[PDB]
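Just so you know, the sequences run in chain order A and B.
UniProt numbering puts the first residue of the first sequence at 199, with every later residue one more than the last.
UniProt numbering puts the first residue of the second sequence at 155, with every later residue one more than the last.
Contents: one structure, followed by commentary.
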Amino acid sequence: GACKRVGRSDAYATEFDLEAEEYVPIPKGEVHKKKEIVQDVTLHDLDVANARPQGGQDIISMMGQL
Amino acid sequence: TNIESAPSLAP
């Protein structure tokens with residue numbers, strides 16, 4: 199359920215002559231890829247993940263102090 | 155009937 203904007207396809211690179219946009223080539227491979235990944239975690243990673251909201255959940259953490 | 159011409163909208 200993760201997703202990322204890689205950019206705007208450079209077939210649109212001339213929508214305008216200047217725009218604040220990151221034009222990238224269309225993917226040259228298959229549009230769908232299936233990969234076997236063996237993923238490791240530790241019981242401590244589970245401790246940390248269950249004790250407190252982590253990463254992009256904990257945006258207020260940017261304030262530091264408490 | 156010479157209505158076979160086609161325009162485009164891609165940049």
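Even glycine gets a Cβ: it sits at the ideal position worked out from N, Cα and C.
Using a Cβ-Cβ distance cut-off of 9 Å, determine whether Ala-164 (chain B) contacts chain A.
Walking along the second sequence from the start, residue 164 (chain B) turns up at place 10. True, the Cβ-Cβ gap to chain A drops below 9 Å.
Check whether the Cβ of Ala-218 (chain A) lies closer than 9 Å to any Cβ atom in chain B.
Along the first sequence, one-based indexing puts residue 218 (chain A) at 20. No - not a single Cβ of chain B is within 9 Å of the one on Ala-218 (chain A).
Whose C-beta lies closer than 6 Å to the C-beta of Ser-259 (chain A) among residues of the same chain, with five residues either side of it excluded?
If you number the first sequence from 1, residue 259 (chain A) lands on position 61. Here the set comprises nothing.
Mind checking the segment 201-215 of chain A against chain B and listing, in chain order, the residues whose C-beta falls within less than 8 Å of any C-beta there?
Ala-209, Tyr-210, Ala-211, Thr-212 and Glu-213
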